[PDB]
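S.K.: Please work out how this folds:
(one chain, ligands or ions: 1)
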Amino acid sequence: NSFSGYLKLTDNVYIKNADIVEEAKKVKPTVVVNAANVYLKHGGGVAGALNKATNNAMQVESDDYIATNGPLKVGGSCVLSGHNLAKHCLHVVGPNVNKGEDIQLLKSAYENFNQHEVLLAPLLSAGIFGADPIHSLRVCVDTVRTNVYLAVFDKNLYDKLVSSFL
Ligand SMILES: CC(C)[C@H](Nc1ncnc2[nH]ccc12)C1=[SH]CCC1
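M.R.: Numbers count the residues shown, from 1 in each chain. Coordinates below:
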């Protein structure tokens with residue numbers, strides 16, 4: 001968990017302008033969080049980038065999990081292997097607000113982080129799911145109580161988050 005170059009926002013939330021895949025390769029954290037969907041189909045965004053970096057081993061494992069357990073609920077999670085990127089991957093489903101899913105489920109999504117002492121994570125629901133990224137960071141800060149290191153792969157968005165926060 002050798003995180004470097006983060007800015008501490010609160011007692012337990014840190015943030016960096018970085019690709020989460022590059023962070024995972026350098027740090028080999030105990031847990032990396034995936035911004036997943038309910039069927040664990042890693043087609044784009046953070047999910048597609050993490051899966052590509054495992055050479056599709058994450059997708060093969062996810063398909064087997066879904067066959068045996070069924071889909072996750074919105075706001076839910078499962079713990080699977082982190083493959084070459086981390087000890088574990090915590091797959092978390094935030095609401096797709098562009099498709100009418102309730103934004104209050106973003107609090108339930110972030111609550112899953114509290115089962116792990118230290119996590120490398122992305123900003124939930126901030127991609128194609130359509131939540132305001134600054135609102136997602138506010139819910140993270142007011143929900144997560146364990147130590148989370150947020151990687152945001154966009155310098156313009158990073159600067160807007162840090163200006164709004166501090
Ligand atoms: C908001 C956006 C810049 C961010 N993308 C990323 N954040 C961190 N590492 C990344 N690697 C590849 C994409 C990527 C997302 S997509 C879904 C949730 C958060």
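S.K.: show me where the protein has strands.
M.R.: 7-8, 13-17, 31-35, 77-81, 88-92, 118-121, 147-152 (DSSP state E).
S.K.: What strands line up against the first one, and which way round?
M.R.: The strands beside strand 7-8 in its sheet (DSSP bridges) come out as strand 13-17 (antiparallel).
S.K.: Run through who's touching the partner strand.
M.R.: 3, 5-9, 23, 137, 140-141, 144, 147-155, 158, 161-162 (CB atoms under 8 Å, 6 or more residues apart in numbering). To be clear about C-beta, it is placed using only N, CA and C from the backbone, and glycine gets the same treatment.
S.K.: residues contacting the residue in the chain that the ligand sits nearest to?
M.R.: Nearest residue of the chain to the ligand, counting by CB to the nearest ligand atom: residue 127, 2.9 Å away. Residue 127 sits next to 35, 44-46 when contact means CB under 8 Å, 6+ apart.
S.K.: Just to confirm, which residue in this structure is farthest away from the center?
M.R.: What lies farthest from the middle of the chain is residue 68; by CA atoms, centre = their mean that is 23.5 Å.
S.K.: Lovely, talk soon.
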